[PDB]
Amino acid sequence: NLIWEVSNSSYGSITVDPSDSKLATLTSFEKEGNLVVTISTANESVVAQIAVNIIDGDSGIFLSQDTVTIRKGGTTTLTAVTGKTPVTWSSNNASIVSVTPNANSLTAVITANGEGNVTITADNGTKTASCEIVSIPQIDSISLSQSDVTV
Amino acid sequence: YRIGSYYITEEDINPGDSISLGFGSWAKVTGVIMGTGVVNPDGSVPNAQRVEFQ
Amino acid sequence: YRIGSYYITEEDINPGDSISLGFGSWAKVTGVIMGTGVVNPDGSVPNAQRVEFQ
Amino acid sequence: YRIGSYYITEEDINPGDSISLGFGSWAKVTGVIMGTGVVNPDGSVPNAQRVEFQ
């Protein structure tokens, strides 16, 4: 028979469950990366290898704000929460609204230069989320000192 | 999701007659985030919640 | 901390395959009080925590 | 990237005596950020790749 063991079992509370006759059971915890599952003989120098990998669960890419309402010429920011550090950001109609990923790539600074409705994407890794950024007109209504003037 | 032209449940004698069959409403869509790449121009960013129906 | 130009995690079968390993961002700065002697003029005194990035 | 205060080649008898030793300039930066981006935090466009001169 053979005994299954894993070098430096720390990937879970029970890294390698004891095998009953031939096969055994595995366990997982809050860890990321690959793992080694060696099935070695009791005394003989024969050890099979079984590859395992639990890549940090899911991704759960979700923008901080699903919709944005910025004026023409304004600036904003979107703090995306993604497990992967590299998060590329993009936005169609860059003349209307622009996007720049943060230093950690988690955040994204928005800049609504133009006017009009547009969507800004982010989190290029794996799954990419979306967030609408409406470049509504500033409509900063100015008022003249006088209207009915007599020159 | 199972689609059939016969109005008989999966547990019926005429059908396979195994497991519990329940009616399903709406369609199933894989989890995804709208406008992830900013491909849609001038479109509002949509937010999707996992296991959320709305 | 391990330095490597290859995109291979240290938790692979070749390594020990134990402990939690994650990719790092930015450079490593040893713990110290910034501007203790007021050497740099016009520099605000920063508060730095262990494993803290900001 | 390896950092040491001894002026001994990596292949020398005094050093580990394995691999090729090459001079390294500057400090290693974790792949994800490049440093200065935005005055108020917005973030610039970083650089990536290994060996790439940019």
# chains A, B, ... in the order shown; residues from 1 in each chain; ligands from 1
>>> calpha_fit_and_write(fixed="chain C", moving="chain B", output="PDB file with C-alpha atoms, in the first residue's frame")
ATOM      1  CA  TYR B   1       9.111  38.829  -0.428  1.00  0.00           C
ATOM      2  CA  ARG B   2      10.561  36.409  -2.987  1.00  0.00           C
ATOM      3  CA  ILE B   3      11.642  37.453  -6.489  1.00  0.00           C
ATOM      4  CA  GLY B   4      12.082  34.940  -9.294  1.00  0.00           C
ATOM      5  CA  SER B   5      12.174  34.967 -13.077  1.00  0.00           C
ATOM      6  CA  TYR B   6       9.971  31.855 -13.347  1.00  0.00           C
ATOM      7  CA  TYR B   7       6.189  32.318 -13.318  1.00  0.00           C
ATOM      8  CA  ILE B   8       5.686  29.309 -11.030  1.00  0.00           C
ATOM      9  CA  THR B   9       4.320  29.470  -7.492  1.00  0.00           C
ATOM     10  CA  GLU B  10       6.355  28.199  -4.549  1.00  0.00           C
ATOM     11  CA  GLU B  11       3.910  25.289  -4.167  1.00  0.00           C
ATOM     12  CA  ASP B  12       4.491  24.093  -7.745  1.00  0.00           C
ATOM     13  CA  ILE B  13       6.140  20.745  -8.460  1.00  0.00           C
ATOM     14  CA  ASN B  14       9.033  22.501 -10.185  1.00  0.00           C
ATOM     15  CA  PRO B  15       9.493  24.878  -7.198  1.00  0.00           C
ATOM     16  CA  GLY B  16      10.142  23.741  -3.633  1.00  0.00           C
ATOM     17  CA  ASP B  17       6.470  22.730  -3.370  1.00  0.00           C
ATOM     18  CA  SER B  18       6.006  23.693   0.280  1.00  0.00           C
ATOM     19  CA  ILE B  19       3.888  26.238   2.147  1.00  0.00           C
ATOM     20  CA  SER B  20       1.308  28.591   0.618  1.00  0.00           C
ATOM     21  CA  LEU B  21       2.650  31.182  -1.832  1.00  0.00           C
ATOM     22  CA  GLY B  22       0.931  34.539  -2.220  1.00  0.00           C
ATOM     23  CA  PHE B  23       1.638  37.395  -4.592  1.00  0.00           C
ATOM     24  CA  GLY B  24       3.030  40.562  -3.007  1.00  0.00           C
ATOM     25  CA  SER B  25       2.344  44.115  -4.165  1.00  0.00           C
ATOM     26  CA  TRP B  26       4.563  47.133  -3.516  1.00  0.00           C
ATOM     27  CA  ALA B  27       7.826  47.142  -1.548  1.00  0.00           C
ATOM     28  CA  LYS B  28       8.594  46.711   2.148  1.00  0.00           C
ATOM     29  CA  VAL B  29      10.104  49.667   4.022  1.00  0.00           C
ATOM     30  CA  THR B  30      11.308  49.658   7.620  1.00  0.00           C
ATOM     31  CA  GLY B  31       9.259  51.761  10.008  1.00  0.00           C
ATOM     32  CA  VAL B  32      10.651  55.279  10.341  1.00  0.00           C
ATOM     33  CA  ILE B  33       9.498  58.877  10.873  1.00  0.00           C
ATOM     34  CA  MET B  34      10.332  61.418   8.179  1.00  0.00           C
ATOM     35  CA  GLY B  35      12.308  64.416   9.400  1.00  0.00           C
ATOM     36  CA  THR B  36      12.943  63.030  12.881  1.00  0.00           C
ATOM     37  CA  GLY B  37      16.107  65.114  13.289  1.00  0.00           C
ATOM     38  CA  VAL B  38      14.799  68.149  11.375  1.00  0.00           C
ATOM     39  CA  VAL B  39      17.487  67.409   8.783  1.00  0.00           C
ATOM     40  CA  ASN B  40      15.278  68.411   5.834  1.00  0.00           C
ATOM     41  CA  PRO B  41      15.034  72.223   5.589  1.00  0.00           C
ATOM     42  CA  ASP B  42      11.686  73.753   4.588  1.00  0.00           C
ATOM     43  CA  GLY B  43      10.059  70.309   4.375  1.00  0.00           C
ATOM     44  CA  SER B  44       6.628  69.344   5.647  1.00  0.00           C
ATOM     45  CA  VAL B  45       6.692  66.946   8.588  1.00  0.00           C
ATOM     46  CA  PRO B  46       5.461  63.522   7.391  1.00  0.00           C
ATOM     47  CA  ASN B  47       3.443  61.225   9.665  1.00  0.00           C
ATOM     48  CA  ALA B  48       3.794  57.447   9.371  1.00  0.00           C
ATOM     49  CA  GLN B  49       1.334  54.962  10.871  1.00  0.00           C
ATOM     50  CA  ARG B  50       2.587  51.508  11.822  1.00  0.00           C
ATOM     51  CA  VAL B  51       0.962  48.687   9.844  1.00  0.00           C
ATOM     52  CA  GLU B  52      -0.730  51.420   7.793  1.00  0.00           C
ATOM     53  CA  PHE B  53      -0.751  51.260   3.988  1.00  0.00           C
ATOM     54  CA  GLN B  54      -1.388  54.482   2.062  1.00  0.00           C
TER      55      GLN B  54
END
>>> closest_atom_pairs(of="region 46-139 of chain A", to="region 7-22 of chain A", cutoff="12 Å", atoms="only C-alpha atoms", output="JSON lines")
{"residue": "A:49", "atom": "CA", "partner": "A:7", "partner_atom": "CA", "distance": 11.8}
{"residue": "A:52", "atom": "CA", "partner": "A:11", "partner_atom": "CA", "distance": 10.8}
{"residue": "A:53", "atom": "CA", "partner": "A:11", "partner_atom": "CA", "distance": 10.1}
{"residue": "A:54", "atom": "CA", "partner": "A:11", "partner_atom": "CA", "distance": 9.3}
{"residue": "A:55", "atom": "CA", "partner": "A:11", "partner_atom": "CA", "distance": 11.5}
{"residue": "A:56", "atom": "CA", "partner": "A:11", "partner_atom": "CA", "distance": 11.3}
>>> closest_residue(among="A:101, A:151, A:60, A:130", to="chain D", atoms="only C-alpha atoms")
A:101
>>> closest_atom_pairs(of="chain A", to="chain D", cutoff="8 Å", atoms="only C-alpha atoms", output="CSV")
residue,atom,partner,partner_atom,distance
A:77,CA,D:42,CA,7.0
A:85,CA,D:32,CA,6.1
A:86,CA,D:32,CA,5.5
A:100,CA,D:43,CA,6.1
A:101,CA,D:43,CA,5.4
A:102,CA,D:43,CA,3.6
A:103,CA,D:43,CA,4.7
A:104,CA,D:33,CA,5.7
A:105,CA,D:32,CA,7.1
A:107,CA,D:42,CA,7.2
A:108,CA,D:42,CA,6.0
A:109,CA,D:42,CA,4.4
A:110,CA,D:42,CA,7.9
>>> write_last_selection(atoms="C-alpha atoms", output="short mmCIF file (atom, residue, chain, number, x, y, z; two decimals), in the first residue's frame")
data_model
loop_
_atom_site.label_atom_id
_atom_site.label_comp_id
_atom_site.auth_asym_id
_atom_site.auth_seq_id
_atom_site.Cartn_x
_atom_site.Cartn_y
_atom_site.Cartn_z
CA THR A 77 -12.76 58.31 -9.13
CA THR A 85 -3.51 43.53 -8.48
CA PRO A 86 -3.36 44.36 -12.23
CA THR A 100 -6.79 55.83 -15.70
CA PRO A 101 -5.98 52.86 -13.43
CA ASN A 102 -4.60 53.66 -9.97
CA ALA A 103 -1.09 52.91 -8.73
CA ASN A 104 -2.26 49.58 -7.29
CA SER A 105 -4.62 49.20 -10.28
CA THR A 107 -8.74 52.42 -8.18
CA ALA A 108 -9.53 54.33 -11.37
CA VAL A 109 -9.63 58.11 -11.71
CA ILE A 110 -12.38 59.30 -14.05
#
>>> residues_around(residues="residue 59 (chain A)", least_positions_apart="4", cutoff="9 Å", atoms="only C-alpha atoms", output="VMD selection string")
chain A and resid 82 to 84 126 to 127
